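To start, the structure under review is shown below, and the notes come after it.
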Amino acid sequence: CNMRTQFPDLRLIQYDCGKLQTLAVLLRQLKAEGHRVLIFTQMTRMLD
Amino acid sequence: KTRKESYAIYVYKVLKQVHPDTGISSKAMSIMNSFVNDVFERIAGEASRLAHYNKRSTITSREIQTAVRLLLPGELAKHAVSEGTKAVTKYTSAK
Amino acid sequence: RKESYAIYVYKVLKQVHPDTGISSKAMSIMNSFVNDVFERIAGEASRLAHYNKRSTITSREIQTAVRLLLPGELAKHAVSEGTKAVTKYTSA
Amino acid sequence: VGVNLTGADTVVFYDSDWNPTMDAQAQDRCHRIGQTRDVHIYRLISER
Amino acid sequence: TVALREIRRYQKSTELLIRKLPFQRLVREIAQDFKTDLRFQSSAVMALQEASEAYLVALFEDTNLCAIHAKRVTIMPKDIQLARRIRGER
Amino acid sequence: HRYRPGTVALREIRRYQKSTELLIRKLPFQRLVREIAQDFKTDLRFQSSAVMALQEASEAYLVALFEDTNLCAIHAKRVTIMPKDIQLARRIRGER
Amino acid sequence: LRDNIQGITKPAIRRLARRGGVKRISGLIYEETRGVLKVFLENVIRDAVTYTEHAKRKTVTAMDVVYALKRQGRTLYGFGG
Amino acid sequence: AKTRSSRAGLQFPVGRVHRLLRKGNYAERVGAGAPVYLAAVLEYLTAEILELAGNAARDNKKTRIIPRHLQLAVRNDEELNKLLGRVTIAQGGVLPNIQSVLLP
Amino acid sequence: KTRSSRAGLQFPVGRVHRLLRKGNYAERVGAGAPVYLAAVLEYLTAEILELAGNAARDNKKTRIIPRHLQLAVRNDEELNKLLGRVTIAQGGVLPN
DNA sequence: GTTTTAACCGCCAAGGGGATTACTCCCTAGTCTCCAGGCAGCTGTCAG
DNA sequence: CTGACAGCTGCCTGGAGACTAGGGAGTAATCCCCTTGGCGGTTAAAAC
């Protein structure tokens, strides 16, 4: 399978958007401190 | 804010002459204005063609009478010609 | 003196079919057709000028009348021919 | 207005609404009465 | 068999199918009502005959289409009535 | 209770012949008009009055064509209207 | 804007037929009516667009539609002119 | 100063009709009695259609003429129907006409 | 130098200009309007004459008769649409 | 009769056409004059 | 015999040539009135 087709790494999703990087850092820190986070966005494609 | 000539007041006068009590709406008045304009265009074009055929450079009462005879059906044309000739006779008498 | 398109129809026919003639009745048909299409286009041009509140008939009015009256391929070919003729006329 | 998400304690706005009343309503979705923890709001903005 | 041959013969031809003198008599009889002592140019009567034959042929074509739509070969007056009603001359 | 076939059709015939309201929704007709126009020229704006005039003209044309189609259907001893009826009406009208 | 011809709805065609006096309608009538309306709209809109383009405008006014209908032979009242 | 409509006894404007005839590019010259005749004919046609429309409105228990009344008047009168055969009236509807074969 | 020759056409641009002026189409006629109209008329005449000549050749004749013009008009769809409501004297109808 | 979904209505925003009225101003018709060529029409001639 | 093309005649009219008045371009500039990608309801016309 790996020699037959190659999919982009899910890591590339965060690498193409600075917001996703900062959001990952913030979310991991928030989980470390033991909180629950609600994320609001105006676009449902962004929700995807 | 510019003048827009229309037959609204004249159509209202004719309506009051015929039916003193009935009224007319804005859409109906627009329809009546369109009808008057269309009949005017028909009669004027027919008169212009009649003048051109006979090599005449003027539009007279005869041309419009012939145009009315050509356009309108029987009783309508006859009564319209009667009304028009009465009007022209009165206008000539009044000088 | 009576004017007719017989000479011009004959010239056009000789241009397109040098060895083909035309009968008198067919020539009358051609004259009637030319007068009819001329009158139709001119009337549409006059109506277009009156609608747009213009006192002059220009090439734009004739082109728009041609596009309105003639069907698709005929309309586009006539528009091309008229534009070519106008371009040649202006460049003299 | 029937949502009672008082279990959460952090709200992150991925993008900001032009109407601040909407963002306030989103915050009040978690900050209403009956919530026993400090609520933090994080707003992410792209520079330039 | 004979009908198809007659159709082809009259379809290839261009001459006027209605006799000239009866049509002229009918035209003059009709014109007598509108005005008295009317003269007609020969070209006018020929034009009237051409127009009348073209109109009648076109109407007969429409009525034949109506009859075919009725699963019939014969044309009936109801076909003429429907052809004129749909065309709008009614 | 169940009305027999044909009664509700006649009832709605009377209802829709009593009234003068437009029978096609305005937004679908506006979309169709824009779709048709975008082929002839891009970046064309339609006034609301123009779209209303188009809708009125189209509805009148379709009503007249349906009257002719029903007349065709009554001819040849039928009640249902079929595409052949519309084709015959259009061909007699001089279209196509 | 694509496949907008389906906006002409089956109940709409049924209502138009009922206004036209039709009692029973076949299932294949709707496609034919959609095609007929498409053709009619195409013709009228083409004429109107030509009229607007002549006036060096980019907005199709009701007057242009009225002129197009009058040229087609379907003069419409109540929309000016 | 006396208007031409008053002299002719009509309600439609003779002067406006004269201006429209002159500006409409119909002929080089326009006669004196042509606007009077045209105004008279227009007034007569308006009177006929409005009389029929008012009769329809009274039959409908309505005092103001609506376009439906004008459509009913035009279609019910044979001569006006022939005159306005190729004319569509906005918001006019159609005549109530159900064919006999379709009736139960 | 002839204006028709200057424009490169065969139709009388001068006669068309005079007809437009004497006709009551407008109070002013531009310079290029008669040229454009003459070009359009010449194109239509050339098209119909070419079709009539082809029909005459198909009939083994050397002169264009009204029958040839009728066949040419009815065979070409665009010209048939243009002259749909027109009757040609001694022209007949298409074979069927 | 029972179930789908789309007009449609309301946000949400920043600007963006783009008809209109009014000013100016200048190519290009219109009117006039004069003169030579395109053309209507005639019969002679010839192919069909 | 018979329609159609052509050589020639007489003539009306379209091709040059001038001014020029104004109908029709440039130039603001005002203002209305939207305009549309993405969202979220909400039924009542559609759909089955």
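In chain G, numbers come from Swiss-Prot; the residues present are 23-103, in order.
Cβ atoms here come from the backbone N, Cα and C positions, even for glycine.
Residues annotated as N6-succinyllysine in Swiss-Prot, with similarity to another entry given as evidence: G:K32 (among others). Take the CB of G:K32 (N6-succinyllysine) and look out to 10 A: across all protein chains shown you find 14 other CB atoms.
Per Swiss-Prot, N6-butyryllysine is recorded for G:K32 (among others).
Residues or ranges marked as UFM1 cross-link in Swiss-Prot (evidence: similarity to another entry): G:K32. In the three-state DSSP scheme, G:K32 (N6-succinyllysine) falls into the helix class.
Here the Cβ of G:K45 (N6-(2-hydroxyisobutyryl)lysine) has 22 other Cβ atoms within 10 Å, regardless of which shown protein chain they belong to. The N6-(2-hydroxyisobutyryl)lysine annotation in Swiss-Prot covers G:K45 (among others) and rests on similarity to another entry.
Within its own chain, G:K60 (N6-acetyllysine) has G:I27 as residues 6 or more apart in sequence whose C-beta sits under 8 angstroms from its own. According to Swiss-Prot, the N6-acetyllysine annotation covers G:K60 (among others), on the basis of similarity to another entry.
For G:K78 (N6-propionyllysine), the count of additional Cβ atoms within 10 Å of its Cβ stands at 8 [all protein chains shown]. In the three-state DSSP assignment, the secondary structure recorded for G:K78 (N6-propionyllysine) is coil. According to Swiss-Prot, the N6-propionyllysine annotation covers G:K78 (among others).
The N6-lactoyllysine feature in Swiss-Prot is assigned to G:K78 (among others); the stated evidence is similarity to another entry.
If you take the C-beta of G:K80 (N6-glutaryllysine) and look for same-chain residues 6 or more apart in sequence within under 8 angstroms, you find G:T74. Among the features that Swiss-Prot reports, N6-glutaryllysine is placed at G:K80 (among others).
According to Swiss-Prot, the feature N6-acetyllysine maps to G:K80 (among others), an assignment based on similarity to another entry.
Here Swiss-Prot flags G:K80 (among others) as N6-(2-hydroxyisobutyryl)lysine, drawing on similarity to another entry.
Shown in sequence order, G:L98, G:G103 are the residues of the chain, 6+ apart in sequence, with a C-beta less than 8 angstroms from the C-beta of G:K92 (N6-propionyllysine). Look at Swiss-Prot and you will find G:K92 (among others) tagged as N6-propionyllysine.
The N6-glutaryllysine annotation in Swiss-Prot covers G:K92 (among others).
DSSP assigns G:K92 (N6-propionyllysine) to a helix in the three-state reduction. Under the heading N6-lactoyllysine, Swiss-Prot lists G:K92 (among others).
What Swiss-Prot records for G:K92 is ubiquitin cross-link.
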Measuring Cα to Cα, how many Å separate G:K78 (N6-propionyllysine) from G:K45 (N6-(2-hydroxyisobutyryl)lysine)? 48
Are there modified residues in G:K32, G:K45, G:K78, G:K80, G:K92 whose CB lies under 8 Å from a CB of chain F, and which ones? G:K45, G:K80
Taking only the CA atoms, the spacing between G:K45 (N6-(2-hydroxyisobutyryl)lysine) and G:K32 (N6-succinyllysine), expressed in whole angstrom, is 15
